Amino acid sequence: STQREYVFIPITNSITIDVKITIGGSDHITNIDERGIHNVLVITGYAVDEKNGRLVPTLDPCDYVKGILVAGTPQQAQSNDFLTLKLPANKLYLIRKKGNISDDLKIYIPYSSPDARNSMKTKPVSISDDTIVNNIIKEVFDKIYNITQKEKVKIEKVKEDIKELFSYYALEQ
Amino acid sequence: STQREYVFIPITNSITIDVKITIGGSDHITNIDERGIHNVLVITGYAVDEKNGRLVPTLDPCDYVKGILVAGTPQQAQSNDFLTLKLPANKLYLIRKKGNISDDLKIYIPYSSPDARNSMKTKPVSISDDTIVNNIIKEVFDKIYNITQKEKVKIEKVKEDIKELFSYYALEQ
Amino acid sequence: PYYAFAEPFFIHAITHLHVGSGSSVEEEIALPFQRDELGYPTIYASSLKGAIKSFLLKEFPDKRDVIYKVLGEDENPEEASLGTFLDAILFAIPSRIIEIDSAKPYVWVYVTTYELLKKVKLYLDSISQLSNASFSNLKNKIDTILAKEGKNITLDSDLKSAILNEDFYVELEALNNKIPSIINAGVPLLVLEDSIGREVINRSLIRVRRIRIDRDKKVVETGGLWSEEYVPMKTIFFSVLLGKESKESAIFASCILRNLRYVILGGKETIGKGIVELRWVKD
Amino acid sequence: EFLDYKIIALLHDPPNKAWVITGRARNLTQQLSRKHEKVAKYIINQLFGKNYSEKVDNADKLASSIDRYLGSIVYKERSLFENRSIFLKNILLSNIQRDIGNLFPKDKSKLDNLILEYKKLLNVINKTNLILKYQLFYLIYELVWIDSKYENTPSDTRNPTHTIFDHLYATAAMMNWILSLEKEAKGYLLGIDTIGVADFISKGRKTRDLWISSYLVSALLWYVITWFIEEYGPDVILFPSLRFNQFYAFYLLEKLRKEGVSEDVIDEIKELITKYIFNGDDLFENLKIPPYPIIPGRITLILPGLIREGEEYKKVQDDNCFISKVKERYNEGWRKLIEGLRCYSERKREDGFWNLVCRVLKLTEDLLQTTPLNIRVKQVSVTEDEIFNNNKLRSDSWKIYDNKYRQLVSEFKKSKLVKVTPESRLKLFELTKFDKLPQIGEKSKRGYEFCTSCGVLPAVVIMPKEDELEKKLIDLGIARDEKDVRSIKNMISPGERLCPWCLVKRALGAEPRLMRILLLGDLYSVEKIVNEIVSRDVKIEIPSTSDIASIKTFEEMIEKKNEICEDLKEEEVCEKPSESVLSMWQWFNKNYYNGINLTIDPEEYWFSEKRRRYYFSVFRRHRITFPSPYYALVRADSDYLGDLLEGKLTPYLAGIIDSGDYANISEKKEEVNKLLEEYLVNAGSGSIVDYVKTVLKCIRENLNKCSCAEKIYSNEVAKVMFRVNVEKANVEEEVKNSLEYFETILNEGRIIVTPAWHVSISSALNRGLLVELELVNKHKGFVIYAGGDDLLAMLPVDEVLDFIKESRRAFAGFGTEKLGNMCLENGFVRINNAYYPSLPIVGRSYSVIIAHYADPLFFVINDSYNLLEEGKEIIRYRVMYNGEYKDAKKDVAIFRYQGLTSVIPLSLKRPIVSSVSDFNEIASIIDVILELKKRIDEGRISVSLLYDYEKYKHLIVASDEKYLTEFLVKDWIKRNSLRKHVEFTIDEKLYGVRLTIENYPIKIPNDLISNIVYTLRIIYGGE
Amino acid sequence: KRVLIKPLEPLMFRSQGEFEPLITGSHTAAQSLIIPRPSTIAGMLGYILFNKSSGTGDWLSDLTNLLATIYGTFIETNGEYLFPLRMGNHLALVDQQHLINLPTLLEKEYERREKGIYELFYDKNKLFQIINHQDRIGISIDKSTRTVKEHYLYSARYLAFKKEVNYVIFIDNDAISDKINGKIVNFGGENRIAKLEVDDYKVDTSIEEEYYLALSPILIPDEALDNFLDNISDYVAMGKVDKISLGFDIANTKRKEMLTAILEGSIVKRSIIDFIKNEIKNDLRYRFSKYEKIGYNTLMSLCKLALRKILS
Ligand SMILES: Nc1ncnc2c1ncn2[C@@H]1O[C@H](COP(=O)(O)OP(=O)(O)NP(=O)(O)O)[C@@H](O)[C@H]1O
Ligand SMILES: Nc1ncnc2c1ncn2[C@@H]1O[C@H](COP(=O)(O)OP(=O)(O)NP(=O)(O)O)[C@@H](O)[C@H]1O
Ligand SMILES: [Mn+2]
Ligand SMILES: [Mn+2]
Ligand SMILES: [Zn+2]
């Protein structure tokens, strides 16, 4: 079928654009119908390194990544460092599936080195500073799926679910 | 301080060798003492490749890999593909906690990158067919652990727990 | 305080016993015994307490108030009983022995498994170093025996081999050299592997058919046929009586429990199926 | 504007649609002047005409699988894939056809004589009520059809899977969508699920509590659908159907009594109701209510997305309109019933019990506000974006139902992951922490009491114990005099604590005619009914467990009418029937005027502790077998009927194909391929079968598409050239779509469900229910809830095995009795030439609890339900299909007697029947146990038989040759002897059958003969 | 820190209301709770620590005047740990590992998810391998006939453990630990006995995953009831919501308070936590503080041994 990619949504804004697609395929990963962020990709067991973003994998399944299957090609300048996966596409833990996927998908997934150079200890973080919620809504959320500001005159429901529908486990190492 | 190793356990006898010499290191955390295979660990989000024996991940806690934590360096001719990370031992999610926590952990993990080509129909399977399982005694449980059949006349109960304490979702393709 | 002192006692069957349970099993018996979780014969604490209380009310009619206080009150039962019985658990059952060896003649033998002794030790460990009455020797003996779980052990013997209950060959082995007998009846005890021991035990139980005859034409009435299951004579159970600190509990332990050898347990007493001798582990 | 143009949808097809097509007589042609349209036009002599441009062009091409299973034009041709024959096959089995014959309406006058009764039964309805004419005609269409001895008709002869009327009654279901889609494109699937129905029925002390609790379920769910059948016409319901519904017939003729109508034409439908919807009894008029709860407590609606309150229709104004509507209507019905009860009780401030009810109702309103039974409502939407290519239908639109239905059931399953109990809704913290509860009655010495009938809710009405009542009942607030105690003591036994809900249950049980507050609804006032009831006073006798245990005792006293009476002659047992009390218990009703007073309480006479020695002597002096204190609680639920409505195959292969096997059905391709292909190729009637089976061969082994479309086509084009007036063929599109259909069927692995499928299954469910109603009454039983798939009766311990056998056989349409007007015939249900289908594929489990009459019904009902739930999922017994010993899960009979358990497999074949042969194999093990019990009783075998099989069992289960085990059982019996020159052997299919269990506390013998003897032990143990 | 409750025999934790021969023409029956409610453990420990000069009103006042924040009970067999799991009408014991994939399992699509949970409750369930209901029928006998009284017969489904079973609680204060060590107590109904052994332990507390396992009945404050029973999908993924009664108080011989609750083994969505704090008044917060001291609102997460209160 199609190919989708790998994005974390922290208080960080460094994930603006390396997915060069604006329309993609007739199927759409995350849709929004005036109820908030839908079709959230959850990834379990991959700690984050939010500054100098390269998610070092952990072993503990008690950390998660509230990501999105970001539509398209990984810029066709990467994946010599990433990992990648062509799933039978029943395994992706997608929150509140609105449509219906025909379980056919391939996923390129960024990755990093195990970081054996300091004692690992992750921490939970939620999306603070609702103004930075709005600005990450601007940089990354707007120019991937442009139905926002198209039909959406309701931001109080689509910008304040991402408040805590996305929480992660940052290393800071 | 020491360093450990999370060797996989598939239907396959690709687990006859992981370390050069019999035991090596000073202390082990996983124990086989008269009533259970203590301190085993189950890694999630991954999968095992029974042929071409390594890891072939598939990201969901639905999938998991069950391996034992032994003290050895991986074969001295690889670890180009074997994860080598370090955690504070409380992100070490051990099943059947019995012993001592070390708090400075270092692991080697037999694994190959996914290298997506096939539709990864990842199917679980028991640890059974006793003809398969009985010859495993002194090459997976006495090739690194001479401790058994030294004091243990209790092999068949720590066989009872072998019959279940390993489980995964293989590759099959 | 709050179960300060305890009295463990042996329930020695003087006749057969039948503490009934309705039709509470899936065997071919229609009136089985009261069963443990392991399918072994047990005596519920309700039955043991009810029978002992009834007997004591009859044979100590002046001490009715002390007995009411320790074991409960019929009406105004808003006063918790300061005494309690644990479930009686099978400690040893007699078995017919065809012995091949030892030059010593035996025709019946006491038989146990290690599950039974495990539960007995559970009862026993939960008292001694917690309460104050001290009979640690019995617990040490049971621990020494439980060491050898997984092989037919003979106790205080030179048997080395026997046919048990006419149907099972077993090969025995002494414990270390010698040990005080846990029972005082001069008969060998055998502790058996939990798998052959239970076949031997469930062949030691008495399962009889019984018949109601047409009183005139001396024939069986239609459907007047059923089965019952008695625990054999000489069987031993084990229980504990736990006493909460009080004054009339001392009266119980002094005047009453020191004059209790024989009581009647279970039912079918006209058949003679209830006589029991209580031996306290205090001698 | 005025709408519901579905009277046009119900007369959509001619009455001889399969005799018009494939003409035999043809005389109707030359005496009535398109082939089947002048016929459909001469049957329209009442109301609005036809529109072949609006209804048939789309809707009928969506209601049935036949269009997709044939192809648009061959299903529409009327002329190409022909067969001069005519049959009517079962939906679940495509092997058992039916000879149809033809003495049907053949003339312009002998058919207009059907128009005569279509007239008469539609001539009291002015055009004032646009609905009531349809609301009436919809039901009795079938009734007037079959009243004339006219055999029913297949859907259409090219595919007789469906019958004439279910293909006609599933038209209007889709017509709702056709009408709400042409306007604003909103379709809906409303599903009402009642939460904790089992626990609800489990709450009660007497059988009247159970009975009216089941009736509360059925009436509180009938109230909410009263509005749906009154607004959108009748055909808004799929499960449960109403084609043979007692509740709908009752409500219908009551609505006929409305508006002012003579009691002279209502009888012309009341005869069709008492004759066919019932089976001869008219006790539902002398009871003034329907006698049994039949509403299954879980219901599916097909809605059009419209509303009223615009003085006419209007596009629905919200996504959550129906949910709020139905929840509020449910609470409304509940509070209407409780307030009507308050008023009926205030009408009787005397009689003590009614006065106590008044006195405590006023204290518990703010607690009684809450309904005692929560409901779950889920909807699913569908629009024109999904159905149409902007002018017509679509391809994969035909499957849109099988998708939305599955979405709905998926959300039902997910929401069933959390069970909330109706008691958790109440506010009691302050009422219990702070003594606020009304304690009319005694007073607890421990805060509050618990309800003895409910178990969880605190008690309001506390009754003193039976040591001295009056000297307490009067100084307390229970009673006022000595006369009123006898009436309080008549309903609330001494010691019975009652919660407000269970006390309201008792109140309703006093006279269960208050149910018309809910049974009708929307039709009469809440006070019309109270006046009607307080005017014509009628008392009902609901039987207790003591009455059921003592059935044969009563029966053996009435065959000694005075010969036993002269002995007593004094204690009102053998005295006059004073009033005209009647009841719903058929045995009580057929045996009342037979000398003995059946309304005595056995707990008073021969189950008492002050009497019963006198009564032992009385029965000893007369050859009266003294009664046993045990009765049979017989429960039964259908096997995988959920999956069956979902078109799954777990009904067809129970145990082979697990439900979990559908998650990835790619594994078990083999059995599904086999049985589905068998069914498909057999579903056809005529040369069409060749085309379909060769298509399937083109689908065989991933053969080809676009290639094998020639071999199949060199016959389809042959067929279109086999006629003289064909117009056009797009075989390119058509044969490709025809192969795509079966490809979808096999890839998914389930017959794609269309409305006709649902209405056929539901109608057959209701008809089998009507059969089982008189099967229960055939064995002196008392129905608590017999609705369609399931059953909850109480029978004597004597005829429980007989009833199990005959019921499990009648569920599969195999029987030899007439059960009223219904004479079931080998897989079908013949009703005076009408061959309605049955469920010979659906298994059925059975629970039996031999219970002492003094056993608390809470734990009895809970044990019954927990056996019938755990055991059917948890047991595996050997079966062979295709000639291979496999496992199997459902379709058993579990028995329990205070600790004894046994299981009797009922099929031993996984396509439990596939031939007309295997119809007798059903319950074959049960007649063996019945025969063996027939030998033990007469004194040809000794009950030592039941204690002597263990020794033979070792030998026989290790045994490996057939006739060896044959002789072994023959000699085991021949030590307790059965006969001189032995004649009853076990039928050699019983051996090797090994029953397994997934390691549960339910201990069971691993072999079928030991289970047979444990069933004998359990049956006897209760006698 | 950790207190192991070792039953010496079958136990009876009565699930329902009346158990006594009230009506004459009927037997009485009872069924044991698989896990003892936290009020049972609390009242037992208090009985062991009783004082004769405190409270006498609102039992949890002078009950909590002796306890620490007791953390909810689970099952340890032989060092192994089992944890309850509850569905509609269902209740299953499972171990630590089988809980990991449970959040993603309940969001698997229809057939995959139902097959998963159905295998979790009929193949992975270890209850009927370690605990089964032992039906004990008992009678009373009138001493005039030496026969049964009239219908004075009762059933009582006891709790028979096929192997060694402990009940595991965690307690904060250690002065309480070394004063209830080795105490033989009357743990449960109808006079059954269990032993208490205490061992100091170490398990972390502060964890906030998406989901949680309720190791105790989550009490709902009866002012959030309608605000809870309209939107049940927001707070529990699967389990059972039930009216319960807090037990029976001994010093005053009364039946305790009936509250709605979320039975243990139910999986709650983190939305629950603040939903309680933001919908309770300080005067009720003071009551529910004690309700949590005894152990009623205890959460474990499906990843680690994540002990967590709700209010605290
Ligand atoms: N009218 C009725 N009267 C009495 N019992 C009924 C009636 N209709 C159905 N039942 C029974 O009640 C149950 C209805 O199914 P269901 O909706 O699942 O309720 P449930 O068994 O309590 N399961 P759930 O709804 O999840 O709580 C089945 O056991 C039926 O046999
Ligand atoms: N699609 C459906 N439409 C109407 N009623 C249904 C449907 N599915 C189930 N029910 C009823 O609701 C209850 C669901 O219980 P359940 O036992 O899961 O049904 P089931 O299909 O019979 N499964 P089982 O009985 O174990 O073979 C039963 O009373 C069913 O009769
Ligand atoms: Mn069913
Ligand atoms: Mn079911
Ligand atoms: Zn009640």
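What you see below is based on every heavy atom in this structure, not just the backbone, and it leaves out hydrogens, waters and symmetry mates. Note that ligands are numbered from 1 as they come in the structure, with each ligand's atoms numbered from 1 the same way. Order of the sequence lines fixes the chain letters, A, B, ..., with proteins taken first and strands second; residue numbering starts at 1 for each chain.
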At what distance is the nearest protein heavy atom to [atom], and which residue and atom is it?
atom: atom 3 (N) of ligand 2; value: D:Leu645 CD1, 3.3 Å
atom: atom 27 (O) of ligand 2; value: D:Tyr640 N, 2.8 Å
atom: atom 28 (C) of ligand 2; value: D:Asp790 OD2, 4.2 Å
atom: atom 30 (C) of ligand 2; value: D:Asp789 OD2, 3.7 Å
atom: atom 10 (N) of ligand 1; value: D:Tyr785 CE2, 3.6 Å
atom: atom 24 (P) of ligand 2; value: D:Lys890 NZ, 3.8 Å
atom: atom 26 (O) of ligand 2; value: D:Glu873 OE2, 3.0 Å
atom: atom 19 (O) of ligand 2; value: D:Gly642 N, 4.9 Å

What atoms of ligand 1 come within less than 4.0 Å of a heavy atom belonging to [X]?
X: D:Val217; answer: 1 (N), 2 (C)
X: D:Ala198; answer: 22 (O)
X: D:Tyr865; answer: 21 (O), 29 (O)
X: D:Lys419; answer: 27 (O)
X: D:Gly196; answer: 22 (O), 24 (P), 25 (O), 27 (O)

- Within the 2.8 Å cut-off the protein N, O or S neighbours of the Mn ion (ligand 3) are D:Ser638 O
On a heavy-atom basis, I'd like to know which of [options] is closest to [atom].
atom: atom 14 (C) of ligand 2; options: D:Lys648, D:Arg298, D:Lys413, D:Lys416; result: D:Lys416
atom: atom 9 (C) of ligand 1; options: D:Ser202, D:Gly297, D:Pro296, D:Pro240; result: D:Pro296
atom: atom 17 (O) of ligand 1; options: D:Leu221, D:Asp193, D:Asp637; result: D:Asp193

- Item | Nitrogen or oxygen atoms of D:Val197 and ligand 1 under 3.5 Å apart | yes
Can you tell me if [X] has a non-hydrogen atom under 4.0 Å from ligand 2?
X: D:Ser638; result: yes
X: D:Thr300; result: no
X: D:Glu646; result: no

- Message: With respect to D:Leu641, determine whether any N or O atom, backbone or side chain, lies less than 3.5 Å from an N or O atom of ligand 2.
- Response: yes
- Message: Can you give me the closest heavy-atom contact between E:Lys240 and E:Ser266, atom names plus distance?
- Response: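 Shortest heavy-atom separation between E:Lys240 and E:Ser266 comes out as N-OG, 2.9 Å.
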- Item | atom 21 (O) of ligand 2 protein-contacted, heavy-atom criterion under 4.0 angstrom |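 Within 4.0 Å of atom 21 (O) of ligand 2, protein heavy atoms are found.
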- Query: Are any side-chain N or O atoms of D:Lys505 and backbone N or O atoms of D:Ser453, one a donor and one an acceptor, separated by less than 3.5 Å?
  - Reply: no
